[PDB]
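These protein sequence lines are chains A and B, in that order. The first sequence maps to residues 3 to 15, 21 to 196, 202 to 219 in the authors' numbering. The second sequence maps to residues 2 to 218 in the authors' numbering. From the three backbone atoms N, C-alpha and C, an ideal C-beta is built for every residue, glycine too.
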Amino acid sequence: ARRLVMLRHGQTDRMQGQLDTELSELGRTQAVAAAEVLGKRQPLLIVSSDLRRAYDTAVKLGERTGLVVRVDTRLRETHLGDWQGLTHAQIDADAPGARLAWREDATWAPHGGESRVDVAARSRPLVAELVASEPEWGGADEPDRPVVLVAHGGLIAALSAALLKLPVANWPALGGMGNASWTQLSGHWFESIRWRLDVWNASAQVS
Amino acid sequence: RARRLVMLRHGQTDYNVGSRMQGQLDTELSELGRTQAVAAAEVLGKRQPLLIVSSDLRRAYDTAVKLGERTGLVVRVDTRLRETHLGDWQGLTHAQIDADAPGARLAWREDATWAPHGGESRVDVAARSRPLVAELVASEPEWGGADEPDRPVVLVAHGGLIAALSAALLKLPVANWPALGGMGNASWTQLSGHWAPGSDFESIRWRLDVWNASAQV
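Quick look at the structure:
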């Protein structure tokens, strides 16, 4: 069994998407806490979104583990198109039912943005590459050491649902990840690997 | 228009039952399992539960009692929260089962309609426990109500039950129920049910908020 951990950063300084928002100082200390916790699981590898709220969180885990943090733009949050930088009120004022529809339809995207299906399509190949290129992952010697992806709430829900092979209609069953939270899937005996959900949205600040 | 439903799995059980599949066998908590119950009571108690309903099997009930003691609530017991009955596999180890019925145990995990002889499938477990949730929706107007909408109902039960009931409420097709993994010792899960006022039980849209987080925090 290959363990795959996905970590969502803490507090930041209104739709963000791929805008490059910063962690607050609280968010920075939450990254430290998350590093202390996830560091005890001894990660095999760390891959991070290039967006600083994710990357700055990953760097603390890298410092705790002595691992490099590989960066990969395929882990970027959903691009939210015209919504980016807008408040809920502003979006609701142009389309009263849009945010609701979005939440309930994994194929729906804001104008100029990505749907959950798009985000899964672009991120899923990263996981396949890792299965192919990291024989230690779930290998005989240290089978429990997890690959850690440091990313975003939208990405994590989309990619998890895709790996679990849920039908598209059921992808909205996965709620939103909180601040400094983690999720874990395990892949059991790429295409023939069967993934199951071990943990969804547990706090990473505490163990 | 959101109701929170928390499901709690107990901690470690008695040393003397070893690795046998438990199912509806009435096994007891270990000493550690008892201190884990107290830790979980502290954590879940801060959520201000509205109601606590528990399986009658001692490992769940004794855990629920600690939460009731800490919150000032009395624990309701519902036999529909019992773990899957494992039929002829109850009391047996993995090695015994695999020796007798090679390939069965692993295939069982991947088929929520399959049941060991004399036992229940995950579908059976969901079918018997889903009505409890519907009865609670119907009889507890405070649940998701105006005064304190976020106070959760807490079901204290078992891993197989929590996976089956959760999958059923989320309306996953049975072919996809094996996507939910196992619950650990002293762990919790939360679903949120979202609905339009005046709508029936089936129209409630459930979302998975948390799966298998530590309840000792």
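Original post:
DSSP on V138 (chain A), reduced to helix/strand/coil?
Top reply: Counting from 1 along the first sequence, the entry for residue 138 (chain A) is found at position 131. Correct three-state label for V138 (chain A): helix.
Original post:
What separation, rounded to the nearest whole angstrom, lies between the Cα atoms of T190 (chain A) and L52 (chain A)?
Top reply: Here the question's residue 190 (chain A) lines up with position 183 in the first sequence. Here the question's residue 52 (chain A) lines up with position 45 in the first sequence. Distance between the alpha carbons of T190 (chain A) and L52 (chain A) is about 16 Å.
**OP:** For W212 (chain B), decide whether its Cβ has a neighbour in chain A, counting only Cβ atoms nearer than 8 Å.
**Re:** Counted from its first residue, the second sequence places residue 212 (chain B) at position 211. Yes - at least one Cβ of chain A is within 8 Å of the one on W212 (chain B).
Subject >> Exposure label - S215 (chain A); buried when at least 16 CB within 10 Å >> reply: Position 203 of the first sequence holds residue 215 (chain A). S215 (chain A) comes out buried.
Original post:
If you drop the 5 nearest sequence neighbours on each side, which residues of the same chain put their C-beta closer than 6 Å to that of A187 (chain A)?
Top reply: The residue labelled residue 187 (chain A) in the question sits at position 180 within the first sequence. Same-chain partners within the cutoff: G12, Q37, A41, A216 and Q217.
Subject >> DSSP-derived helix/strand/coil call for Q49 (chain A) >> reply: What you label residue 49 (chain A) is simply residue 42 of the first sequence in a count that begins at 1. Three-state result, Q49 (chain A): coil.
Subject >> Cβ of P50 (chain B) within 8 Å of any chain A Cβ >> reply: As a first step, residue 50 (chain B) is located in the second sequence; it is residue number 49 there, counting from the start. Taking Cβ atoms only, chain A never reaches closer than 8 Å to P50 (chain B), which makes this a no.
Subject >> Residue nearest to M22 (chain A) in terms of C-alpha spacing, selected from A:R60, A:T72, A:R10 and A:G88 >> reply: Along the first sequence, read from residue 1 onward, the residue named residue 22 (chain A) stands at position 15. Comparing Cα-Cα distances from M22 (chain A) to each of A:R60, A:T72, A:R10 and A:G88, the minimum goes to A:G88.
**OP:** Output the residue ranges of the alpha helix (DSSP H) runs that lie fully inside the stretch 11-50 of chain B and measure 4 residues or longer, sorted by chain position.
**Re:** Whole alpha helix (DSSP H) segments, 4+ residues: 32-46.
Original post:
Looking at the C-beta of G182 (chain B), does it have a partner C-beta in chain A at a distance below 8 Å?
Top reply: As a working note, residue 182 (chain B) is residue 181 in the second sequence. By the rule that beta-carbons nearer than 8 Å mark a contact, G182 (chain B) touches chain A.
Original post:
For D79 (chain A), which residues from the same chain have a beta carbon less than 8 Å from its beta carbon, with the 5 sequence-adjacent residues on both sides left out?
Top reply: Numbered from 1 along the first sequence, position 72 holds the residue referred to as residue 79 (chain A). Answer for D79 (chain A): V54, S55, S56, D57 and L133, listed in chain order.
Original post:
Looking only at its own chain, which residues have a Cβ that is under 7 Å from the Cβ of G119 (chain B), when we skip the five neighbours before and after it?
Top reply: If you number the second sequence from 1, residue 119 (chain B) lands on position 118. Only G88 and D89 meet the Cβ criterion.
Original post:
Excluding the five sequence neighbours on either side, which residues of its own chain have a C-beta within less than 8 Å of the C-beta of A108 (chain B), listed in chain order?
Top reply: In the second sequence, residue 108 (chain B) corresponds to position 107, counting from 1. Around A108 (chain B): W115.
Original post:
Between which two residues does the alpha helix (DSSP H) harbouring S219 (chain A) extend?
Top reply: Here residue 219 (chain A) corresponds to residue number 207 of the first sequence, with the count starting at 1. Careful: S219 (chain A) lies outside any alpha helix (DSSP H) and carries neither H nor E.
Original post:
Fully enclosed by the stretch 93-173 of chain A, which alpha helix (DSSP H) runs are 4 residues long or longer?
Top reply: Qualifying alpha helix (DSSP H) stretches, in chain order: 95-101, 105-111, 123-140 and 160-170.
**OP:** With 8 Å as the C-beta to C-beta threshold (strictly closer), list the residues of the stretch 157-175 of chain A near chain B in chain order.
**Re:** The stretch 157-175 of chain A vs chain B, Cβ under 8 Å: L171, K172, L173 and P174.
Original post:
In chain A, which residues lie less than 9 Å from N177 (chain B) when you measure between Cβ atoms?
Top reply: Working through the second sequence from its first residue, we reach residue 177 (chain B) at position 176. Result: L171, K172, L173, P174 and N177.
Original post:
Is any heavy atom in the ligand SAH found nearer than 7 Å to the beta carbon of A216 (chain A)?
Top reply: The ligand SAH is not part of the structure shown, which contains no ligands of any sort.
**OP:** Thinking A61 (chain A) and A158 (chain A) are a contact (beta carbons under 8 Å), I'd like their distance in whole angstroms, please.
**Re:** In the first sequence, the residue the question calls residue 61 (chain A) occupies position 54. In the first sequence, the residue the question calls residue 158 (chain A) occupies position 151. Indeed, because the Cβ distance is near 6 Å, the residues count as touching under 8 Å.
Subject >> Simplified DSSP state of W196 (chain A), which is helix, strand or coil >> reply: Working through the first sequence from its first residue, we reach residue 196 (chain A) at position 189. For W196 (chain A), the secondary structure class from DSSP, reduced to helix, strand or coil, is coil.
Subject >> Boundaries of the alpha helix (DSSP H) in which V75 (chain B) is found, first to last residue >> reply: Position 74 of the second sequence holds residue 75 (chain B). It is not in any alpha helix (DSSP H) - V75 (chain B) carries neither H nor E in the DSSP assignment.
Subject >> C-alpha distance - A127 (chain B) paired with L162 (chain B), whole-angstrom precision >> reply: The residue given as residue 127 (chain B) occupies position 126 in the second sequence. The residue given as residue 162 (chain B) occupies position 161 in the second sequence. Just so you know, the alpha carbons of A127 (chain B) and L162 (chain B) end up roughly 7 Å apart.
Original post:
Tell me, which residues are paired with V7 (chain B) by DSSP?
Top reply: Taking the second sequence and counting its residues from 1, one reaches residue 7 (chain B) at position 6. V7 (chain B) is bridged to B:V155 and B:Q191.
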